[PDB]
Amino acid sequence: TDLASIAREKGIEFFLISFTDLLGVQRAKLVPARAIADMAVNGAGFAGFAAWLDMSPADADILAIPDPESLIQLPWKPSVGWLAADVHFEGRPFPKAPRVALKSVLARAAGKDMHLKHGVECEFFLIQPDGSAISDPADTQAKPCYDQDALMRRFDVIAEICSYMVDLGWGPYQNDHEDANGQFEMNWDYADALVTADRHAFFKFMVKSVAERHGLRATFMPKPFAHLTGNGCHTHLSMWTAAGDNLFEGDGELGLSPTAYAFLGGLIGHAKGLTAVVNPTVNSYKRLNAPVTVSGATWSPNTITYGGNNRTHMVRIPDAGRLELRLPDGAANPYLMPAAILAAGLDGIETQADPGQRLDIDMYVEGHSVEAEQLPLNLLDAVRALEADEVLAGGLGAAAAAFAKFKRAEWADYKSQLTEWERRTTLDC
Amino acid sequence: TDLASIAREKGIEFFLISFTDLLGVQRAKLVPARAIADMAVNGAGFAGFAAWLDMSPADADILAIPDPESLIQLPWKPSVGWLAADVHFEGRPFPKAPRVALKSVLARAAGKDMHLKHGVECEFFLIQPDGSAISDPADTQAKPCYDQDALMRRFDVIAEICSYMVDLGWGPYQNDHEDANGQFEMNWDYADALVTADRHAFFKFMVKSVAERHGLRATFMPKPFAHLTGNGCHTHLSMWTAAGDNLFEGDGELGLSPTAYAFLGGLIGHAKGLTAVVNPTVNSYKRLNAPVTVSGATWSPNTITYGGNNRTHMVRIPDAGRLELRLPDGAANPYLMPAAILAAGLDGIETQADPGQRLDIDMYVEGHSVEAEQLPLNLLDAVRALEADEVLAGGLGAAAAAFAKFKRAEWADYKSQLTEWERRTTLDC
Amino acid sequence: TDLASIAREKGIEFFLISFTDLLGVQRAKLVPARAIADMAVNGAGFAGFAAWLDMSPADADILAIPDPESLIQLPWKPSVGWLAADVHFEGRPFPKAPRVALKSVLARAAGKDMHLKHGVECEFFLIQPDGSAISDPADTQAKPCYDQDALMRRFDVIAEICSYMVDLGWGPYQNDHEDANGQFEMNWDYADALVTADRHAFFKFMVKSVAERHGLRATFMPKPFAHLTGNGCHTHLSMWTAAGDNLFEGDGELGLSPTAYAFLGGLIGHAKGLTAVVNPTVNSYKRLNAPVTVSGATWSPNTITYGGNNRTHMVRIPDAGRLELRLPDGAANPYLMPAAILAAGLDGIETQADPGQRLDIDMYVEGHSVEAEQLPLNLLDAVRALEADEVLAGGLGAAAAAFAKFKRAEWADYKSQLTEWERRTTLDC
Ligand SMILES: Nc1ncnc2c1ncn2[C@@H]1O[C@H](COP(=O)(O)OP(=O)(O)NP(=O)(O)O)[C@@H](O)[C@H]1O
Ligand SMILES: Nc1ncnc2c1ncn2[C@@H]1O[C@H](COP(=O)(O)OP(=O)(O)NP(=O)(O)O)[C@@H](O)[C@H]1O
Ligand SMILES: Nc1ncnc2c1ncn2[C@@H]1O[C@H](COP(=O)(O)OP(=O)(O)NP(=O)(O)O)[C@@H](O)[C@H]1O
Ligand SMILES: C[S@](=N)(=O)CC[C@H](N)C(=O)O
Ligand SMILES: C[S@](=N)(=O)CC[C@H](N)C(=O)O
Ligand SMILES: C[S@](=N)(=O)CC[C@H](N)C(=O)O
Ligand SMILES: [Mg+2]
Ligand SMILES: [Mg+2]
Ligand SMILES: [Mg+2]
Ligand SMILES: [Mg+2]
Ligand SMILES: [Mg+2]
Ligand SMILES: [Mg+2]
Ligand SMILES: [Mg+2]
Ligand SMILES: [Mg+2]
Ligand SMILES: [Mg+2]
């Protein structure tokens, strides 16, 4: 695809050549249209150590090579065109780069005529620019989910973003106020994993950018308020053949196939290590296994279990032909997340993993009634599980060890921070 | 001993009948002299559930029976006499009460002609009454240990308390500024474990009380400041026969006997569970394995190891005939601590436990150079180790399970508190 | 000497057992009288790494053995007795301890029937407790030296301290306001080096303590105000035989002997390295070679030169029979200063060093008029010179190397601080 020509036809003056680092941070260069042809072929250069890629100041430049198919004219500023990119190093795609890691797992699966398609539910809060409070002081009621008043009070921001998604062809189909005061969700059609991953990366950038233009702020933080529901990023998952058949579609329980259930078996089996990737922050572990919120439920997973159309489990079966992994949160990396999930699912399919028995109970109420394995309770334990999980660690390649190193560093930093609770309850010991 | 007569002779108008609950909180009734004779015989009544003893609102009164030998006229207010007490329930000493638990282990040991004597080093900080800062704004230098200026700037408080200890016959022998800005230590002679435990309980009360009278505040909090040395409560330990011989005194390495080393073997072997008791708060785990402080060392244990006259280990051998357990902190219960240590030591002696090899290295610098077992990294893991440790759990009796329940409750409470570090580093995920 | 009995006679309740570390910081333990007899024999224990002694946390306790001859009942608080002490380590005097290092050099000199006697001029400023300004807002004139008004405005502080020195037998003989606004000096009789060093150390603690009691603050900082004269610590020096004759007394120029001039020769010859010790802080180098002050002269050295009764050189010859080294400042260690001076001096005598030509000029005006070596211009260069100077390094022993390590660490910290002058002059580059 000819980016220079497109720039002229469409009035694009600058391109953002953008990649996602291990921690999910969007890294980009802003290049004027006159330079795009060279950049598209040779890539934009960066000092990799300066992003979260676990390199050395002494290493040669990485080159981020833009995917011309990913082009998006910023709908709020159409003179700029955003491009997702694969980081290359020493002439080959760099295995520590999330988008590259994802593509590698996708290629393996594709070689067996299995194609991951997913949709993401990127819940977010709208907050004051200073982070002190949610953006809407009138959004206070104990059960605010789907609140019409508070939704319409932020119509201008929500509708603007939704209209952008319409224009971009993402097939958006609904927006609402979510279960925490100040929290929202906007949904759009699932797609090939790579397409969704790119869209997912762009979406966060778009929401943050538009929120700012309205003097607001958006956060995807997993648990920004102790007593309110957190930000999930559920992924709905299905596996397709090249000919266009959904392999999860079946005659078994709840309209699922044995392939779907073996995939689920992979999810269940690798859940501990998978948690490290899709719940990648210290804060993630305050969303999981959270005490009950003011709205009456956390809506997040506590245990390594699955139910039917039941939102109290790690996995929900929402309808025939797909799985809903409810585990990931708003911090989850848009590339590592599908990559990690796929690696786990493929292994489930290859080993014909047994997901175990479906639990048709409210796990928040009756978790005690049954013997169920708890999810990792903190980042450090989840990371240890990642490192000990060969399938996962090997599926993600060098990204896994790099990720683990960073998360351990974050943990060492966090575990030394004095908290107000400690002062209040220990000063008089 | 006749408390009523003593009240008349000495001018005592009120007695504090006092016990220590599982969490270390001093519980007391203030009874006028006219009522002491009845109270001494029958005990002072309390609703046990209202203290940290793990009872029920429905249970009959506990009766705290004062130990007349423990009598202390408050030196800053001699009209009041403090008494340590054994909690009784349903006619017998209550095994969940710390002072009772300690006495039970002491009796077992005594039955084998082994008598625990210990000394405690109760480091504390002097801080503003509001807890915002240390009491002395001029105490700022990077290495403040033994600072003459800052010590003398608090002469009036320190000297007053030291003079009280002189008058009480505790054999105090030194005071200094400790290694953190704002921190102090006052040392006194070791004694029979029960005597030291009573003194230890009284000392904290005395320091807090006198600090207040000077418009200051004292805290024994393990780690009140992230970047400064924490509050230890090292215990120096020796075992004696009734005839007055020190069993730790020997011809082995560093002037220690095989009995001493088998006791050390118990300490090493039971270190994981022991940590729960002598490091009993969430905050305790920020003193252990702490990043280096502004003064150049944490001075607290990281690993389950021992050295010679070497302050970088869990156990130090300070001189012939004793061990220094450097593990406990300022939160450690004055009764459960010697009780837990003794249970572990006795078992070491009975099984002829091998403490392993002495490490003559700086463990902060060369911890990597050797294979050493790390101490539990947080309260919840330490508590799990306590529960799985039969010798310890059985030695402490029902106090252990009660303690564990409370600490788990504290953990569940803490783990849900949102921290500033999380907000700062996750909001932009 | 019987410290326990002296305590009973003189009503001393506590002893400060004190030593000076490499950075001049006073370290002490406050011990009740009941413990002094043991401490005087065995020493008070300290963890040496916690002070500026260049040790390891894993090292055995140092033991500070007090010198009973040094006893001073704090004149402002006679219930407390101050004791200067020698630090011992592993059974021997610890060569890195300044007082031990000084005694070592005195011992060499004494073996040759040469005994150093010196006097110190410990200039200080009286400032606001917060350190923002001098204590006296009416002290403002351009030439305030010997100002009668400003001197009498601080009569109460100055007279109290001077009267203490009378009672202590130091032979004080004058006090005045010095050349900078806010600055004072109180002089007393020279003595054997060790006596004067102990007095120097105590004096600084006395001035600081008494100032505080008056709601003031004393500082001995070398250059606390960029435009005002700084704090010197001139030392007056003479060498005596055991028989009591002044070896510097002679028939040569200005009533000096050849021994005096050879001693001078060591000072001149060893000046670059001596500077690191007697000007031991980054700030020291803003007193040396300073631009002219508001009062018209810095009165501090710029060059490795000497004159007669002439205050513009490194060395001044004030009268028959002694030298004045004007080099040292208020930060100079009371023990390392005479120790390094004596080492340079002894070497001068043994090599019959030639001090060169006396300069009878004002070095501030006619410095250009003559070829003269400049002093090191900053701490890093002075330390480098200390390290390269065999006599000095060997003379001070391990104290020198340890001192050098600490000062390089200080320099590394300092050189990275951004200053306001830089922002002002560079922001618009
Ligand atoms: N066959 C499929 N494979 C993968 N994703 C799909 C498939 N079919 C639908 N989806 C997507 O699944 C997502 C559904 O999200 P949503 O409408 O919010 O449902 P829900 O998860 O039941 N709601 P919530 O209460 O927030 O958890 C959308 O992105 C759909 O496009
Ligand atoms: N045989 C003994 N058995 C038990 N305790 C003893 C024995 N001998 C001395 N002690 C006590 O051990 C304690 C020593 O504390 P301390 O003087 O502070 O020494 P240190 O622990 O080497 N100092 P620190 O740097 O703070 O850790 C005192 O309470 C002594 O009384
Ligand atoms: N023979 C000597 N050896 C060593 N010190 C001496 C000797 N004779 C006198 N002193 C001391 O030298 C010091 C004199 O300092 P001082 O009275 O301030 O004189 P000055 O240095 O000429 N004053 P200043 O203008 O501040 O430099 C006193 O401590 C004297 O006791
Ligand atoms: C179940 S829901 N109403 O979709 C809410 C999900 C919740 N925010 C979460 O943490 O996953
Ligand atoms: C080794 S020391 N100088 O006694 C300090 C001990 C430290 N406060 C601690 O946490 O044990
Ligand atoms: C020469 S003087 N008048 O004694 C002043 C000395 C000056 N304070 C100095 O820095 O040495
Ligand atoms: Mg949804
Ligand atoms: Mg939702
Ligand atoms: Mg969902
Ligand atoms: Mg101590
Ligand atoms: Mg201590
Ligand atoms: Mg100790
Ligand atoms: Mg003078
Ligand atoms: Mg002077
Ligand atoms: Mg002088």
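A note on names: the letters A, B, ... follow the listed sequences, proteins ahead of strands, and every chain is numbered from 1. Side chains included, hydrogens not; waters and symmetry mates left out as well; all remaining heavy atoms used. First listed ligand is number 1; within each ligand, the first listed atom is number 1.
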A:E324 atom OE2 and A:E121 atom OE2 as seen from the Mg ion (ligand 9), angle to 10 degrees
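That angle works out to 100° after rounding to 10°.
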
Looking at B:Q183 and B:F125, what are the two nearest heavy atoms and their distance?
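It is NE2-CE1, 3.6 Å.
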
Looking only at the side chains, is there a donor atom on one of B:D179 and B:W299 sitting less than 3.5 Å from an acceptor on the other?
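Their side chains do contain a donor-acceptor pair, which is all the 3.5 Å distance test asks for.
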
Counting backbone and side-chain atoms alike, does A:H234 have an N/O/S atom under 2.8 Å from the Mg ion (ligand 9)?
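For A:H234, the answer is yes, given that an N, O or S atom comes within less than 2.8 Å of the Mg ion (ligand 9).
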
Are B:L325 and B:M314 side-chain neighbours, meaning at least one heavy-atom pair lies under 4.5 Å?
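Yes, close enough: below the 4.5 Å cut-off.
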
For the aromatic rings, using the six-membered ring if either is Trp, is the centroid distance between C:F184 and C:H177 under 6.0 Å?
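Here the rings of C:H177 and C:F184 have centres that are less than 6.0 Å from each other.
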
Any N/O/S of C:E185 under 2.8 Å from the Mg ion (ligand 13)?
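Coordinating: yes.
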
